[PDB]
Every structure is written in C-alpha cells, then in structure tokens.
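Text of the file coords-v6.pdb, holding PDB, C-alpha atoms and all ligand atoms:
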```
MODEL        1
ATOM      1  CA  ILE Z   1       0.000   0.000   0.000  1.00  0.00           C
ATOM      2  CA  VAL Z   2       1.549   3.360  -0.964  1.00  0.00           C
ATOM      3  CA  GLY Z   3       0.592   6.437   1.045  1.00  0.00           C
ATOM      4  CA  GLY Z   4      -1.465   4.526   3.643  1.00  0.00           C
ATOM      5  CA  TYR Z   5      -1.219   4.158   7.406  1.00  0.00           C
ATOM      6  CA  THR Z   6      -0.559   1.331   9.827  1.00  0.00           C
ATOM      7  CA  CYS Z   7      -3.965  -0.246  10.440  1.00  0.00           C
ATOM      8  CA  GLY Z   8      -3.229  -1.443  13.966  1.00  0.00           C
ATOM      9  CA  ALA Z   9      -3.119  -5.115  15.018  1.00  0.00           C
ATOM     10  CA  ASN Z  10      -6.193  -7.116  14.140  1.00  0.00           C
ATOM     11  CA  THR Z  11      -8.315  -4.068  13.233  1.00  0.00           C
ATOM     12  CA  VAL Z  12      -9.053  -5.695   9.800  1.00  0.00           C
ATOM     13  CA  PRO Z  13     -10.140  -9.147  11.079  1.00  0.00           C
ATOM     14  CA  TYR Z  14     -11.085 -10.626   7.718  1.00  0.00           C
ATOM     15  CA  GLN Z  15      -7.665  -9.942   6.148  1.00  0.00           C
ATOM     16  CA  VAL Z  16      -5.682 -13.122   5.386  1.00  0.00           C
ATOM     17  CA  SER Z  17      -2.115 -13.620   4.116  1.00  0.00           C
ATOM     18  CA  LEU Z  18      -1.616 -16.453   1.529  1.00  0.00           C
ATOM     19  CA  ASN Z  19       1.752 -18.085   2.260  1.00  0.00           C
ATOM     20  CA  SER Z  20       3.781 -20.576   0.147  1.00  0.00           C
ATOM     21  CA  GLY Z  21       6.973 -20.323   2.302  1.00  0.00           C
ATOM     22  CA  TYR Z  22       6.547 -16.505   2.262  1.00  0.00           C
ATOM     23  CA  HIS Z  23       3.634 -14.018   1.941  1.00  0.00           C
ATOM     24  CA  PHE Z  24       2.717 -13.612  -1.737  1.00  0.00           C
ATOM     25  CA  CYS Z  25      -0.931 -12.346  -1.769  1.00  0.00           C
ATOM     26  CA  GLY Z  26      -3.779 -11.193   0.435  1.00  0.00           C
ATOM     27  CA  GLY Z  27      -7.340 -12.580   0.558  1.00  0.00           C
ATOM     28  CA  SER Z  28     -10.596 -12.145   2.573  1.00  0.00           C
ATOM     29  CA  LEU Z  29     -12.264 -14.587   4.930  1.00  0.00           C
ATOM     30  CA  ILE Z  30     -15.977 -14.847   3.870  1.00  0.00           C
ATOM     31  CA  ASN Z  31     -16.973 -17.646   6.322  1.00  0.00           C
ATOM     32  CA  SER Z  32     -15.117 -20.088   8.608  1.00  0.00           C
ATOM     33  CA  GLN Z  33     -13.870 -22.363   5.791  1.00  0.00           C
ATOM     34  CA  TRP Z  34     -13.638 -20.150   2.661  1.00  0.00           C
ATOM     35  CA  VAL Z  35     -11.380 -17.323   1.450  1.00  0.00           C
ATOM     36  CA  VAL Z  36     -11.778 -15.229  -1.729  1.00  0.00           C
ATOM     37  CA  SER Z  37      -8.600 -13.824  -3.449  1.00  0.00           C
ATOM     38  CA  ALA Z  38      -7.523 -12.955  -6.994  1.00  0.00           C
ATOM     39  CA  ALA Z  39      -7.221 -15.708  -9.617  1.00  0.00           C
ATOM     40  CA  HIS Z  40      -3.768 -14.344 -10.574  1.00  0.00           C
ATOM     41  CA  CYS Z  41      -2.628 -15.303  -7.038  1.00  0.00           C
ATOM     42  CA  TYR Z  42      -3.244 -18.991  -7.801  1.00  0.00           C
ATOM     43  CA  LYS Z  43      -0.592 -21.580  -7.055  1.00  0.00           C
ATOM     44  CA  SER Z  44      -0.412 -25.012  -5.363  1.00  0.00           C
ATOM     45  CA  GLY Z  45       0.704 -25.456  -1.724  1.00  0.00           C
ATOM     46  CA  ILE Z  46      -1.016 -22.480  -0.141  1.00  0.00           C
ATOM     47  CA  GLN Z  47      -1.294 -22.038   3.605  1.00  0.00           C
ATOM     48  CA  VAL Z  48      -3.796 -19.362   4.690  1.00  0.00           C
ATOM     49  CA  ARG Z  49      -2.638 -17.269   7.636  1.00  0.00           C
ATOM     50  CA  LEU Z  50      -5.385 -15.536   9.631  1.00  0.00           C
ATOM     51  CA  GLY Z  51      -5.110 -13.222  12.642  1.00  0.00           C
ATOM     52  CA  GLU Z  52      -1.900 -11.683  11.419  1.00  0.00           C
ATOM     53  CA  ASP Z  53      -0.507  -8.218  12.011  1.00  0.00           C
ATOM     54  CA  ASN Z  54       3.344  -8.693  11.751  1.00  0.00           C
ATOM     55  CA  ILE Z  55       3.774 -11.590   9.216  1.00  0.00           C
ATOM     56  CA  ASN Z  56       7.354 -12.208  10.476  1.00  0.00           C
ATOM     57  CA  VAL Z  57       6.538 -12.527  14.211  1.00  0.00           C
ATOM     58  CA  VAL Z  58       4.050 -15.015  15.844  1.00  0.00           C
ATOM     59  CA  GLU Z  59       2.245 -12.530  18.125  1.00  0.00           C
ATOM     60  CA  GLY Z  60      -0.453 -14.817  19.457  1.00  0.00           C
ATOM     61  CA  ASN Z  61      -3.570 -14.402  17.311  1.00  0.00           C
ATOM     62  CA  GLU Z  62      -2.565 -16.400  14.309  1.00  0.00           C
ATOM     63  CA  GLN Z  63      -4.350 -19.441  12.850  1.00  0.00           C
ATOM     64  CA  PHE Z  64      -2.354 -21.155   9.997  1.00  0.00           C
ATOM     65  CA  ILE Z  65      -4.552 -23.532   7.986  1.00  0.00           C
ATOM     66  CA  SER Z  66      -3.730 -25.270   4.684  1.00  0.00           C
ATOM     67  CA  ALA Z  67      -6.042 -25.059   1.704  1.00  0.00           C
ATOM     68  CA  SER Z  68      -7.946 -28.256   0.737  1.00  0.00           C
ATOM     69  CA  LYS Z  69      -8.854 -26.913  -2.709  1.00  0.00           C
ATOM     70  CA  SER Z  70      -8.689 -23.777  -4.906  1.00  0.00           C
ATOM     71  CA  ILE Z  71     -11.267 -22.890  -7.567  1.00  0.00           C
ATOM     72  CA  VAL Z  72     -10.319 -20.245 -10.114  1.00  0.00           C
ATOM     73  CA  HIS Z  73     -13.313 -18.538 -11.786  1.00  0.00           C
ATOM     74  CA  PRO Z  74     -14.436 -20.543 -14.901  1.00  0.00           C
ATOM     75  CA  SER Z  75     -13.909 -17.479 -17.157  1.00  0.00           C
ATOM     76  CA  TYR Z  76     -10.638 -16.107 -15.750  1.00  0.00           C
ATOM     77  CA  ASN Z  77      -8.495 -14.626 -18.598  1.00  0.00           C
ATOM     78  CA  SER Z  78      -4.880 -14.116 -17.437  1.00  0.00           C
ATOM     79  CA  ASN Z  79      -4.048 -11.880 -20.403  1.00  0.00           C
ATOM     80  CA  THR Z  80      -6.827  -9.327 -19.663  1.00  0.00           C
ATOM     81  CA  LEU Z  81      -7.341 -10.156 -15.933  1.00  0.00           C
ATOM     82  CA  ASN Z  82     -11.091 -10.207 -16.614  1.00  0.00           C
ATOM     83  CA  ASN Z  83     -12.840 -12.364 -13.873  1.00  0.00           C
ATOM     84  CA  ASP Z  84      -9.803 -12.126 -11.586  1.00  0.00           C
ATOM     85  CA  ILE Z  85     -11.273 -13.976  -8.601  1.00  0.00           C
ATOM     86  CA  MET Z  86     -10.681 -17.372  -6.924  1.00  0.00           C
ATOM     87  CA  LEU Z  87     -12.094 -19.292  -3.936  1.00  0.00           C
ATOM     88  CA  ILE Z  88      -9.900 -21.244  -1.466  1.00  0.00           C
ATOM     89  CA  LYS Z  89     -11.504 -23.848   0.877  1.00  0.00           C
ATOM     90  CA  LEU Z  90      -9.646 -24.434   4.183  1.00  0.00           C
ATOM     91  CA  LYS Z  91      -8.797 -27.937   5.411  1.00  0.00           C
ATOM     92  CA  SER Z  92     -10.515 -27.144   8.747  1.00  0.00           C
ATOM     93  CA  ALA Z  93     -12.665 -24.257   9.892  1.00  0.00           C
ATOM     94  CA  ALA Z  94     -11.023 -21.293  11.482  1.00  0.00           C
ATOM     95  CA  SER Z  95     -12.108 -20.174  14.995  1.00  0.00           C
ATOM     96  CA  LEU Z  96     -13.966 -16.836  14.632  1.00  0.00           C
ATOM     97  CA  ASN Z  97     -13.931 -14.188  17.395  1.00  0.00           C
ATOM     98  CA  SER Z  98     -13.363 -10.321  17.259  1.00  0.00           C
ATOM     99  CA  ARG Z  99      -9.789 -10.468  15.867  1.00  0.00           C
ATOM    100  CA  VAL Z 100     -10.575 -13.143  13.205  1.00  0.00           C
ATOM    101  CA  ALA Z 101     -13.967 -12.617  11.559  1.00  0.00           C
ATOM    102  CA  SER Z 102     -15.512 -12.991   8.110  1.00  0.00           C
ATOM    103  CA  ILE Z 103     -16.671 -10.036   5.962  1.00  0.00           C
ATOM    104  CA  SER Z 104     -20.098 -10.002   4.343  1.00  0.00           C
ATOM    105  CA  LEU Z 105     -20.583 -10.297   0.649  1.00  0.00           C
ATOM    106  CA  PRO Z 106     -22.565  -7.413  -0.898  1.00  0.00           C
ATOM    107  CA  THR Z 107     -26.260  -7.436  -1.818  1.00  0.00           C
ATOM    108  CA  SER Z 108     -25.847  -4.471  -4.174  1.00  0.00           C
ATOM    109  CA  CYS Z 109     -22.878  -2.984  -6.106  1.00  0.00           C
ATOM    110  CA  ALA Z 110     -21.320   0.137  -4.649  1.00  0.00           C
ATOM    111  CA  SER Z 111     -21.463   3.450  -6.519  1.00  0.00           C
ATOM    112  CA  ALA Z 112     -18.649   5.805  -7.502  1.00  0.00           C
ATOM    113  CA  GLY Z 113     -18.030   8.287  -4.663  1.00  0.00           C
ATOM    114  CA  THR Z 114     -18.265   5.519  -2.029  1.00  0.00           C
ATOM    115  CA  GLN Z 115     -15.204   5.541   0.343  1.00  0.00           C
ATOM    116  CA  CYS Z 116     -13.638   2.103   0.960  1.00  0.00           C
ATOM    117  CA  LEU Z 117     -10.838   0.561   3.033  1.00  0.00           C
ATOM    118  CA  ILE Z 118      -8.035  -1.327   1.163  1.00  0.00           C
ATOM    119  CA  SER Z 119      -5.393  -3.197   3.147  1.00  0.00           C
ATOM    120  CA  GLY Z 120      -2.360  -5.426   2.645  1.00  0.00           C
ATOM    121  CA  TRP Z 121       1.347  -6.146   3.190  1.00  0.00           C
ATOM    122  CA  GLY Z 122       2.392  -5.019  -0.335  1.00  0.00           C
ATOM    123  CA  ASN Z 123       5.102  -2.582  -1.440  1.00  0.00           C
ATOM    124  CA  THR Z 124       4.904   0.927   0.094  1.00  0.00           C
ATOM    125  CA  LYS Z 125       7.003   2.827  -2.455  1.00  0.00           C
ATOM    126  CA  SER Z 126       6.028   3.876  -5.991  1.00  0.00           C
ATOM    127  CA  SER Z 127       9.655   3.636  -7.254  1.00  0.00           C
ATOM    128  CA  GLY Z 128      11.937   1.143  -5.477  1.00  0.00           C
ATOM    129  CA  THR Z 129      10.669  -1.360  -2.916  1.00  0.00           C
ATOM    130  CA  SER Z 130      10.081  -1.601   0.796  1.00  0.00           C
ATOM    131  CA  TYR Z 131       7.773  -4.297   2.044  1.00  0.00           C
ATOM    132  CA  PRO Z 132       6.258  -3.744   5.529  1.00  0.00           C
ATOM    133  CA  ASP Z 133       6.041  -6.446   8.164  1.00  0.00           C
ATOM    134  CA  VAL Z 134       2.708  -5.114   9.613  1.00  0.00           C
ATOM    135  CA  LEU Z 135      -0.580  -4.474   7.839  1.00  0.00           C
ATOM    136  CA  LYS Z 136      -1.111  -1.111   6.036  1.00  0.00           C
ATOM    137  CA  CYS Z 137      -4.469   0.509   5.273  1.00  0.00           C
ATOM    138  CA  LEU Z 138      -5.726   3.074   2.801  1.00  0.00           C
ATOM    139  CA  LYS Z 139      -9.124   4.779   2.583  1.00  0.00           C
ATOM    140  CA  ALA Z 140      -9.986   5.521  -1.091  1.00  0.00           C
ATOM    141  CA  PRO Z 141     -13.136   6.297  -3.127  1.00  0.00           C
ATOM    142  CA  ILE Z 142     -14.500   4.262  -5.996  1.00  0.00           C
ATOM    143  CA  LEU Z 143     -14.084   6.317  -9.203  1.00  0.00           C
ATOM    144  CA  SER Z 144     -16.658   6.730 -11.946  1.00  0.00           C
ATOM    145  CA  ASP Z 145     -16.529   4.221 -14.734  1.00  0.00           C
ATOM    146  CA  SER Z 146     -15.917   7.131 -17.112  1.00  0.00           C
ATOM    147  CA  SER Z 147     -12.798   8.184 -15.249  1.00  0.00           C
ATOM    148  CA  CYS Z 148     -11.659   4.570 -15.058  1.00  0.00           C
ATOM    149  CA  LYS Z 149     -12.050   3.835 -18.773  1.00  0.00           C
ATOM    150  CA  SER Z 150     -10.495   7.146 -19.662  1.00  0.00           C
ATOM    151  CA  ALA Z 151      -7.356   6.245 -17.580  1.00  0.00           C
ATOM    152  CA  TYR Z 152      -7.193   2.699 -19.089  1.00  0.00           C
ATOM    153  CA  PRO Z 153      -8.670   2.877 -22.604  1.00  0.00           C
ATOM    154  CA  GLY Z 154      -9.717  -0.524 -24.013  1.00  0.00           C
ATOM    155  CA  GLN Z 155      -8.870  -2.384 -20.752  1.00  0.00           C
ATOM    156  CA  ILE Z 156     -11.780  -2.084 -18.276  1.00  0.00           C
ATOM    157  CA  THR Z 157     -14.643  -4.625 -18.476  1.00  0.00           C
ATOM    158  CA  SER Z 158     -17.954  -4.608 -16.566  1.00  0.00           C
ATOM    159  CA  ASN Z 159     -16.212  -6.808 -13.947  1.00  0.00           C
ATOM    160  CA  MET Z 160     -13.738  -4.111 -12.902  1.00  0.00           C
ATOM    161  CA  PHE Z 161     -13.868  -0.737 -11.156  1.00  0.00           C
ATOM    162  CA  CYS Z 162     -11.162   1.798 -10.310  1.00  0.00           C
ATOM    163  CA  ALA Z 163     -10.673   3.236  -6.860  1.00  0.00           C
ATOM    164  CA  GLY Z 164      -8.030   5.655  -5.782  1.00  0.00           C
ATOM    165  CA  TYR Z 165      -6.670   9.122  -6.524  1.00  0.00           C
ATOM    166  CA  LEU Z 166      -6.110  10.410 -10.114  1.00  0.00           C
ATOM    167  CA  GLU Z 167      -3.493  12.699  -8.607  1.00  0.00           C
ATOM    168  CA  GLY Z 168      -1.442   9.635  -7.567  1.00  0.00           C
ATOM    169  CA  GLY Z 169       0.444   9.234  -4.294  1.00  0.00           C
ATOM    170  CA  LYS Z 170      -1.978   6.760  -2.690  1.00  0.00           C
ATOM    171  CA  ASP Z 171      -2.715   3.260  -4.063  1.00  0.00           C
ATOM    172  CA  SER Z 172      -2.489  -0.524  -3.467  1.00  0.00           C
ATOM    173  CA  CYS Z 173       0.626  -2.170  -5.031  1.00  0.00           C
ATOM    174  CA  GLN Z 174       2.516  -5.445  -5.650  1.00  0.00           C
ATOM    175  CA  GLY Z 175       1.941  -7.795  -2.634  1.00  0.00           C
ATOM    176  CA  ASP Z 176      -1.519  -6.356  -1.916  1.00  0.00           C
ATOM    177  CA  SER Z 177      -2.973  -8.467  -4.807  1.00  0.00           C
ATOM    178  CA  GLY Z 178      -5.948 -10.672  -3.793  1.00  0.00           C
ATOM    179  CA  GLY Z 179      -6.767  -8.417  -0.850  1.00  0.00           C
ATOM    180  CA  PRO Z 180      -9.960  -6.666   0.163  1.00  0.00           C
ATOM    181  CA  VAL Z 181     -11.675  -3.429  -0.787  1.00  0.00           C
ATOM    182  CA  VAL Z 182     -14.469  -3.068   1.864  1.00  0.00           C
ATOM    183  CA  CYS Z 183     -17.096  -0.331   1.605  1.00  0.00           C
ATOM    184  CA  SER Z 184     -19.793   0.061   4.242  1.00  0.00           C
ATOM    185  CA  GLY Z 185     -19.032  -3.297   5.858  1.00  0.00           C
ATOM    186  CA  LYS Z 186     -19.307  -5.315   2.591  1.00  0.00           C
ATOM    187  CA  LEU Z 187     -16.555  -6.785   0.399  1.00  0.00           C
ATOM    188  CA  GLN Z 188     -16.887  -4.844  -2.895  1.00  0.00           C
ATOM    189  CA  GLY Z 189     -13.477  -5.454  -4.494  1.00  0.00           C
ATOM    190  CA  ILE Z 190     -10.309  -7.529  -4.761  1.00  0.00           C
ATOM    191  CA  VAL Z 191      -6.895  -5.872  -5.462  1.00  0.00           C
ATOM    192  CA  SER Z 192      -6.311  -6.882  -9.107  1.00  0.00           C
ATOM    193  CA  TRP Z 193      -4.047  -4.668 -11.182  1.00  0.00           C
ATOM    194  CA  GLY Z 194      -2.780  -1.243 -12.211  1.00  0.00           C
ATOM    195  CA  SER Z 195       0.041   0.413 -14.247  1.00  0.00           C
ATOM    196  CA  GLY Z 196       2.860   0.858 -11.662  1.00  0.00           C
ATOM    197  CA  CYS Z 197       1.667   2.073  -8.266  1.00  0.00           C
ATOM    198  CA  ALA Z 198       0.411   5.473  -7.171  1.00  0.00           C
ATOM    199  CA  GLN Z 199       1.190   7.073 -10.512  1.00  0.00           C
ATOM    200  CA  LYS Z 200      -0.800  10.100 -11.660  1.00  0.00           C
ATOM    201  CA  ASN Z 201      -3.840   9.115 -13.731  1.00  0.00           C
ATOM    202  CA  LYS Z 202      -3.211   5.377 -13.230  1.00  0.00           C
ATOM    203  CA  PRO Z 203      -5.527   4.408 -10.283  1.00  0.00           C
ATOM    204  CA  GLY Z 204      -5.886   0.783  -9.051  1.00  0.00           C
ATOM    205  CA  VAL Z 205      -8.327  -1.551 -10.812  1.00  0.00           C
ATOM    206  CA  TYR Z 206     -10.328  -3.999  -8.727  1.00  0.00           C
ATOM    207  CA  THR Z 207     -12.448  -7.078  -9.399  1.00  0.00           C
ATOM    208  CA  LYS Z 208     -16.159  -6.086  -8.924  1.00  0.00           C
ATOM    209  CA  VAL Z 209     -17.301  -8.689  -6.417  1.00  0.00           C
ATOM    210  CA  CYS Z 210     -21.041  -7.889  -6.597  1.00  0.00           C
ATOM    211  CA  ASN Z 211     -21.062  -9.516 -10.037  1.00  0.00           C
ATOM    212  CA  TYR Z 212     -19.839 -12.850  -8.537  1.00  0.00           C
ATOM    213  CA  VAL Z 213     -22.082 -13.369  -5.545  1.00  0.00           C
ATOM    214  CA  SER Z 214     -24.231 -16.075  -7.216  1.00  0.00           C
ATOM    215  CA  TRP Z 215     -21.114 -17.963  -8.356  1.00  0.00           C
ATOM    216  CA  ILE Z 216     -19.587 -17.686  -4.844  1.00  0.00           C
ATOM    217  CA  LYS Z 217     -22.681 -18.837  -3.068  1.00  0.00           C
ATOM    218  CA  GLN Z 218     -23.367 -21.739  -5.458  1.00  0.00           C
ATOM    219  CA  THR Z 219     -19.766 -22.918  -5.361  1.00  0.00           C
ATOM    220  CA  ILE Z 220     -19.566 -22.916  -1.533  1.00  0.00           C
ATOM    221  CA  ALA Z 221     -22.826 -24.805  -1.349  1.00  0.00           C
ATOM    222  CA  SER Z 222     -21.508 -27.643  -3.488  1.00  0.00           C
ATOM    223  CA  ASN Z 223     -17.889 -28.022  -2.274  1.00  0.00           C
TER     224      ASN Z 223
HETATM  225 CA    CA W   1       2.556 -12.707  13.039  1.00  0.00          CA
ENDMDL
END
```
Just give me the structure of the file as structure tokens.
Ligand SMILES: [Ca+2]
Amino acid sequence: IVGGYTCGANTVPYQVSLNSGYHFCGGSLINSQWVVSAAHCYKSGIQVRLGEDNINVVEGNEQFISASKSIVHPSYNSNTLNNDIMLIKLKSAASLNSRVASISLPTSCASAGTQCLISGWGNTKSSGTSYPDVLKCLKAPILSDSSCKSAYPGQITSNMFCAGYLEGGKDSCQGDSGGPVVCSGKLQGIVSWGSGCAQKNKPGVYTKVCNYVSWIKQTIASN
C-alpha cells in the first residue's frame, strides 16, 4: 500500500495472508472455511494465515490452515485479468472471534463516490521497494466508470472498477494483490491490477465482487 497508514493489530479481522513459504498475496475470509482472493494469485501449496498483524513474528492471534482446494473462476483470462477472482476452501474451519472474523458479501454494487478501506502487506514505495512487516491501510473512493475507462482505454470490463486518486500518491501495489476493498461493511473489491503504483492518472483496478455473488454462493454450497 503506498501512502497509507498502519492499520493497527487485528483491526481488519477478515484480512488473510496467503503463504507458500513466504507471503505472496492477500485474501478475505468470507466464512469459517472459505477465502476469496484474486485468480492471478493462484498456485499449489497455499497455507492461509489468519489473525496476522506482523507476518514475520508469531504474536499470538494467528491461525495457519492449509487449503484443501482452490477454484479459479471458470472465465478467468490471465491476459486481460477479466474475472480475476478465486475461492480457497480451508482444510478445517477457522475459529472466529473479534480479531478473526468474516466479511459479508454485498447485496448491491457500490457506486462511484463511495469511500472504501483497502489493506495489505504489499510494497509501500512507488519507485523502489520496501515491504512492511505489519498491515497497512488506505481509505480511497470508488471512481466513476468514465474516469476509469479514460485512464485505461480498451482495458476495463464490466467486472472491474477503479478506486483511488487520479493525482497519484496513494494506491495498493505489488503484494496487496488478492486483498480486500471493503465499503460500508461489505466486500466490494479484490486488489487486481494497475500500471505501476500510485502514478498520476493510473488508479488501481479492482475485481467487482457484486457480479460474482451467485457464483460464490453456489460454489460454496456444493464443495
Ligand atoms: Ca505474526
């Protein structure tokens, strides 16, 4: 996250870290046994780490559970990143309390102007790299689809939305991928892509979760 602030330990209880020997992507806990992340974060041998603040220190609230299965969206296109969403089922259910909790899926899509919370352990610099050990947060508004398509001509589909600052300076970045974009207590987006990080007129693009609720619900019900 570039230009954000330190969230504070366990203040984002649905945030998960996907680990394959190291942290490589974020995700969101939607119920005790399922996590949603970005399809581009797919790989085999994933361990989901919940209750984390410092990913390099066991502080006491962590739950490390391996994934039993991953399901990438049937129409995921890795060249365009259209339908960039995946579901991960945990081998056992996590124990939910105040520091580890699930986030609700949305009943309606959010509108441009809505302020959201984006979090993750990704890069904090727009040029160069510096990866934080504790969770960073950023409050950003969803931008109009017109502004979004104008910043990324020929690249935004109906399954994507932009959120951020056209002026630059504040944005999600590499390492934040798969993480949550929560607006009014509902999961509205997943950190997907962008041109660089925090660059002027190149806001972050996010998977529009409201368009996948039926797929999520039907998949969980049958697996
Ligand atoms: Ca830790």
Can you tell me which residues sit at most 6 Å away from ligand CA 1 (chain W), counting all atoms listed in the file, written as an mmCIF file with C-alpha atoms, in the frame of the given file?
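Written output follows (part_34.cif):
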```cif
data_model
loop_
_atom_site.group_PDB
_atom_site.id
_atom_site.type_symbol
_atom_site.label_atom_id
_atom_site.label_comp_id
_atom_site.auth_asym_id
_atom_site.auth_seq_id
_atom_site.Cartn_x
_atom_site.Cartn_y
_atom_site.Cartn_z
ATOM 1 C CA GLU Z 52 -1.900 -11.683 11.419
ATOM 2 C CA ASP Z 53 -0.507 -8.218 12.011
ATOM 3 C CA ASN Z 54 3.344 -8.693 11.751
ATOM 4 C CA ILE Z 55 3.774 -11.590 9.216
ATOM 5 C CA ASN Z 56 7.354 -12.208 10.476
ATOM 6 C CA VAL Z 57 6.538 -12.527 14.211
ATOM 7 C CA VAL Z 58 4.050 -15.015 15.844
ATOM 8 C CA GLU Z 59 2.245 -12.530 18.125
#
```
Can you check which parts of stretch 40-157 of chain Z lie within 9 Å of stretch 25-29 of chain Z? Per residue, the shortest pair of atoms and distance in Å to one decimal, counting only C-alpha atoms, sorted by chain and number, as JSON lines.
```
{"residue": "Z:41", "atom": "CA", "partner": "Z:25", "partner_atom": "CA", "distance": 6.3}
{"residue": "Z:48", "atom": "CA", "partner": "Z:27", "partner_atom": "CA", "distance": 8.7}
{"residue": "Z:50", "atom": "CA", "partner": "Z:29", "partner_atom": "CA", "distance": 8.4}
{"residue": "Z:100", "atom": "CA", "partner": "Z:29", "partner_atom": "CA", "distance": 8.6}
{"residue": "Z:101", "atom": "CA", "partner": "Z:29", "partner_atom": "CA", "distance": 7.1}
{"residue": "Z:102", "atom": "CA", "partner": "Z:29", "partner_atom": "CA", "distance": 4.8}
{"residue": "Z:103", "atom": "CA", "partner": "Z:29", "partner_atom": "CA", "distance": 6.4}
{"residue": "Z:119", "atom": "CA", "partner": "Z:26", "partner_atom": "CA", "distance": 8.6}
{"residue": "Z:120", "atom": "CA", "partner": "Z:26", "partner_atom": "CA", "distance": 6.3}
{"residue": "Z:121", "atom": "CA", "partner": "Z:26", "partner_atom": "CA", "distance": 7.7}
{"residue": "Z:122", "atom": "CA", "partner": "Z:25", "partner_atom": "CA", "distance": 8.2}
```
Checklist entry - Could you spell out the hits of the PyMOL selection byres (((chain Z and resi 80-89) around 6) and not hetatm) on the shown file, as a ChimeraX atom specification? => result /Z:33-39,67-73,76-79,90
Checklist entry - Leaving out residue Z:107 and any residue of its chain fewer than 2 positions from it, which residues lie within 9 Å of it when counting only C-alpha atoms, given as a list in words? => result residues 105, 109, 186, 210 and 213 of chain Z
Next on the checklist: So, with all atoms listed in the file as the atoms that count, which of Z:66, Z:158, Z:118, Z:168 lies closest to residue Z:137?
Outcome noted: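 Among the listed residues, the smallest separation from residue Z:137 belongs to Z:118.
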Checklist entry - Mind telling me what the PyMOL selection byres (((chain Z and resi 19) around 9) and not hetatm) catches here, as a ChimeraX atom specification? => result /Z:17-18,20-25,45-49
Per-axis box centre and lengths in Å around stretch 45-64 of chain Z, 4 Å margin per side, axis-aligned, as JSON:
```
{"center_x": 1.0, "center_y": -16.8, "center_z": 8.9, "size_x": 20.7, "size_y": 25.2, "size_z": 29.2}
```
Checklist entry - Which residue gives the smallest distance to residue Z:199 among Z:94, Z:160, Z:135, Z:151, with all atoms listed in the file counted? => result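 So, comparing all the options, the nearest one is Z:151.
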